[PDB]
Amino acid sequence: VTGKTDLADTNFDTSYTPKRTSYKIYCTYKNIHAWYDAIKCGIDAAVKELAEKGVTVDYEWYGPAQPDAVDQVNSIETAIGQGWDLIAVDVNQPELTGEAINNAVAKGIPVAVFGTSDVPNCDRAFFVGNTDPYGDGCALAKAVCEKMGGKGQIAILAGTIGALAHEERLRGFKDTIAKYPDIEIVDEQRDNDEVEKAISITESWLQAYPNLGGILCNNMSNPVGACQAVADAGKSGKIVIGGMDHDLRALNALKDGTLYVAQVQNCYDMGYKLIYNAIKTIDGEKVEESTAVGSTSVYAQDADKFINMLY
């Protein structure tokens, strides 16, 4: 990912003059994944604009190879004493990280939260990100259920056990499917955000459920794997697949018909607006406490537009 989408705000006020000429921001996010590359695009755009105004923003971009709730706490505690003006967090475990945030705030360092979900019950100054993973799950599930004519069998790739946004999307899937009583959810399995596991899960489902009619995929990786397995079995377009996020393989699968709908989030503004609001916070200025970046459903007719803008 090198650009943004049409979701990004075109009317965001950046006229405020920062009360310093230099700022240092430590970013710590749940785990390495291509998804975060789309946020980093917004960060790098804000730093450029602020460099033209004689303002130098330096930042570190840290995430572990695999998610580790304690590592995230440790990353916050250790950054406190390293001379950062603000700590930006994409959250692993809200309760554990909340307390780590409060410790950083108590010791004089403001904290921003960004990305997939907010920690509203902690002393973070502001949030920029998706305020509604449940709704994203509902959007995908409604689209797939309606495309299936409100009847048939759906299987659910459910991602990583206990991951907040995965679990909220999954709750949205099920609450929505419940509104179509002629649809049966035959199974749900945890791919753990691994493409190969999503492939193997889907392969098993194609054997076990000859009548499978739809698959819902709650993270950026599992639509890739569902589409690959469905295409390899010759079932592209005959099983209705809906998934999260913007992997180029998923967006290309929209064009070829294997994927029906992708739910793309405004990752760019998560990073772009994080920087500008961080500065207002470091300076003591007020800023919107919760900025919702938004998301939208992308079908085949919008695939090329999103591919071109993101890649």
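Residues numbered from 1 in each chain as written, not as in the entry; some residues may be left out. Heavy atoms only, no water. Residues with missing side-chain atoms left out of burial classes, pairs and counts.

Let us now look at the sheet that holds strand β3 (residues 86-89). With parallel pairing, the six strands of this open sheet are ordered in space as β2-β1-β3-β4-β5-β11. On the outer flanks of this sheet lie β2 (56-62) and β11 (290-292), each paired with one strand and no other. For this sheet, the mean angle separating the axes of adjacent strands, direction not counted, is 20°. Strand direction decides the pairing type here: β3 and strand β4 (residues 111-115), joined by three bridges, are parallel. Along β4, the bridge assignment pairs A88 with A112. Its contacts with the sheet put helix α3 (residues 94-106) on β3 and β4, and the angle it makes with β4 is roughly 145°. (Pairing = 2+ DSSP bridges. Helix = DSSP H or I, 4+ residues; strand = E, 2+ residues; numbered from the N terminus. Axes fitted to C-alpha atoms, helices over the stretch in contact; angles between N-to-C directions. Contact = heavy atoms within 4.5 Å.)

Helix packing geometry: the angle between the two helix axes and the distance between the axes. Orientation of helix α2 (residues 69-80) relative to α3, taken along the N-to-C sense of each, is 5°, at an axis distance of 9 Å. As the angle between them shows, α2 and α3 are arranged roughly parallel. From α2, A69, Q72, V73, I76, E77 and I80 reach across to α3, where they touch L96, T97, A100, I101, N103 and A104. Split into classes, the residues belonging to the contact of α2 with α3 amount to eight nonpolar, three polar and one charged. (Parallel < 35°, antiparallel > 145°, perpendicular 65-115°, else oblique. Nonpolar A, V, L, I, M, F, W, Y, C, P; charged D, E, K, R; others polar.)

Okay, the UniProt feature "domain: Periplasmic binding protein" (unreviewed entry) in the protein next. In the numbering used here, UniProt assigns the "domain: Periplasmic binding protein" (unreviewed entry) feature to residues 31-286. Helix makes up 48% of residues 31-286 and strand 20%, whereas the separation of the span's terminal C-alpha atoms amounts to 30 Å. (UniProt positions renumbered as here; feature names shortened; annotations may be inferred.)

Our next topic: the sheet that holds strand β9 (residues 240-244). An order of β7-β6-β8-β9-β10-β12 is seen for the six strands of this open sheet, with the pairing classed as mixed. Single-partner strands in this sheet number two, and they are β7 (182-189) and β12 (295-298). Between one strand and the next, the sheet's axes are offset by a mean angle of 20°, whatever the strand orientation. Pairing geometry for strand β6 (residues 151-157) and β7, over seven bridges, is parallel. Bridging from a neighbouring strand, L157 pairs with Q189 of β7.

Moving on to α2. With 12 residues, α2 extends 18 Å between its outermost C-alpha atoms, agreeing within 8% with the 16 Å of an ideal straight helix rising 1.5 Å per residue. Of all the residues in α2, the buried ones are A69, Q72, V73, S75, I76, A79 and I80. What you see down the axis of α2 is that its buried residues fit within an arc of 160°, all on one side. Packing partners of the buried residues in α2 comprise β1 (22-28), β2, β3 and α3. Of the residues flanking the start of α2, the one acting as N-cap is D68, its side-chain oxygen 3.2 Å from the backbone nitrogen of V70. (Expected span 1.5 Å × (residues − 1). Buried < 20%, exposed > 50% of the residue type's maximum accessible area, 1.4 Å probe, protein only. Arc of directions from axis to C-beta. Polar contact = N/O pair within 3.5 Å; in protein donor to acceptor, adjacent residues only side chain to side chain.)

This structure, assessed with the given rule, holds 10 aromatic pairs. Centroid distance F12 to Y272: 6.0 Å. Interplanar angle 65°. Geometry classified as edge-to-face. Remark: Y272 occurs in helix α9 (residues 267-282) and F12 occurs in the segment before β1; sequence separation between them is 260 residues. Owing to a relative accessible area of 23%, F12 belongs among the partly exposed residues under this scheme. Assessed through its relative accessible area of 9%, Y272 is described here as buried. Measuring from centroid to centroid gives 4.8 Å for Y29 and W61, while their planes differ by 35°, and the two rings are tilted. Of this pair, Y29 sits in the loop between β1 and α1 (35-52) while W61 sits in strand β2, and the two are 32 residues apart along the sequence. (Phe/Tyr/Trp six-rings, centres within 6.5 Å; stacked < 30°, edge-to-face > 60°.)

Take the pairing of strand β8 (residues 212-217) next. Burial analysis of β8 places six of its six residues in the buried class, which makes it a mostly covered element. Of the pairings in the sheet, the one linking β8 to β9 comprises four bridges and is parallel in character. From the neighbouring strand, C217 faces β9, where its bridge partner is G243. Where the polypeptide runs from β8 across helix α7 (residues 222-232) and back to β9, its parallel neighbour, the crossover connection is right-handed. (Right-handed = clockwise from strand over helix to strand, strands pointing away.)

This brings us to unusual backbone geometry. Trans is the prevailing form of peptide bonds, just as negative phi is the prevailing case for residues other than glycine. The phi torsion at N192 lies on the positive side, around 60°, for a residue other than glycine. Look at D193: it is not a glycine, yet its phi comes out positive at around 65°. Here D193 lies in the loop between β7 and α6 (195-208). Of the residues examined, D193 reaches a relative accessible area of 24% and is grouped as partly exposed.

Under the 1.5 Å per step criterion, the end-to-end length of α6 is 20 Å for 14 residues, consistent within 8% with the ideal 20 Å. Those residues of α6 that sit buried are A198, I199, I201, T202 and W205. In this structure, the buried residues of α6 make contact with β6, β7, β8 and α7.

Here the focus is the packing of helix α4 (residues 133-147) against helix α5 (residues 164-177). Close contact between α4 and α5 brings their axes to 7 Å; oriented N to C, the two are set at 40°. Taken together, the axes of α4 and α5 lie oblique to each other. You can see that α4 and α5 cross each other, and the crossing is right-handed. Each of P133, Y134, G137, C138, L140, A141, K142 and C145 in α4 lies in contact with α5, whose residues at this interface are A165, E168, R169, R171, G172, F173, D175, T176 and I177. Tallied by class, residues from the contact of α4 with α5 come to nine nonpolar, three polar and five charged. (Left-handed = near helix turned anticlockwise from the far one by under 90°.)

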